[PDB]
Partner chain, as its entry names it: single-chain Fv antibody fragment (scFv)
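Starting off, we have a lone chain in the form deposited without its partner chain, written out as structure tokens.
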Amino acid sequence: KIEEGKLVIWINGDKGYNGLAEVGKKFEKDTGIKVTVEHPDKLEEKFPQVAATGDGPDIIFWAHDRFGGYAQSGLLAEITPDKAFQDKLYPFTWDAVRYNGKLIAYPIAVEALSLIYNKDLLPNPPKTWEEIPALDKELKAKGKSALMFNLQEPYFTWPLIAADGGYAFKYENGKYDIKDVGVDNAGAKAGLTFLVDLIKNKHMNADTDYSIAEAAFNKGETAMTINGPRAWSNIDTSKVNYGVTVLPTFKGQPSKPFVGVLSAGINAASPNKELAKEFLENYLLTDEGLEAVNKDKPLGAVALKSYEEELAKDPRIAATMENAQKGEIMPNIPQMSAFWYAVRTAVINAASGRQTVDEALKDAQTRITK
């Protein structure tokens, strides 16, 4: 079982665990309670196993979407922040950590795709998707293209498909309706049709994947790309003069990227729930706590309003948050696995003309509501 009188934390190795350890030393300094930060391999797979037998960490950090399944098995304790604490974070981040009306984690950081552009090839980035075909024509006249991004993964193409009314599952009051899916409505067909037109008209290649898009942008061959905070590091080494901005609108509607919220959940089997609540609310979720983590490895945009206002002095963070506020929180329900699979197939089939847009989306919708 889990030991009383200490805190064990699991967080992924690509996060600022040395910075989190420093927040834990301040907590120990104040309380005498020792905090241990670990970053085990495949911790998101291990957690459900060890937590099922009342073991594991007191606190686990992960993207909010995995927590729906954890909470389904009763592996997470319901949290109880007061209204005053809740107000210190962006309201939309709390929606990401509700499972069947219960708050099951604390929101830490927010991730969403943004439009990344080469300031040298483009003085001002396009504000709409519709003007991209013409812009590509101007740039092709000089051996460059307008836009290259990963078309193989629905995570990347979804912002455009959803822009005019598409949605994964309907959400109402901390709950999703698994029978109300917006994959084959008029808005989703409009968006995927637009995407297919870009491919037919040779403004983009259907086989463009993550590594192809990144290489082209970082080599200066394409004016724009669509990517998240994790990409900036390779661009910075490439020394391309880039900007990060709000995604283009489609049909006058904002692009709707999926929002991922890094969250901290408390093991239901933990005998240290009060200690975990004190650590999270009063040590980690402060400007000083988040700064310590961020200084180790940047979090991106954060759910804490006060610290986010300081971070947003960096335009790339500001844009990340702006796209997140216009985005679609990623559903934390198990049915999302049917969605990823079906939509990946629908997009690839419609892109290669194997199937028409109507038929590909019709099939996906059926398959997801099955």
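Numbering follows the first chain given and starts at 1.
Relative to its counterpart among 140 to 148 and 165 to 173, 165 to 173 has the higher mean temperature factor, C-alpha atoms as listed in the PDB entry. When the C-alpha B-factors of 320 to 328 and 53 to 61 are averaged, 53 to 61 comes out higher. Per the PDB record, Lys83 has a higher Cα B-factor than any other of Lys256, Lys83, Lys277, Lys88. The PDB entry assigns its highest CA temperature factor, among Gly101, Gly187, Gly74, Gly289, to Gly101. Ranked against the other modelled residues of its chain, the C-alpha B-factor of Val23 as given in the entry falls in the middle third. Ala312: CA B factor lies in the lowest third for its chain, per the PDB record.
The PDB entry assigns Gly353 a C-alpha temperature factor belonging to the highest third of its chain's modelled residues. In this PDB entry, the Cα temperature factor of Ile33 sits in the top third of its chain's modelled residues, the highest group. Ranked by Cα temperature factor within the chain, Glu78 sits in the middle third according to the deposited record.
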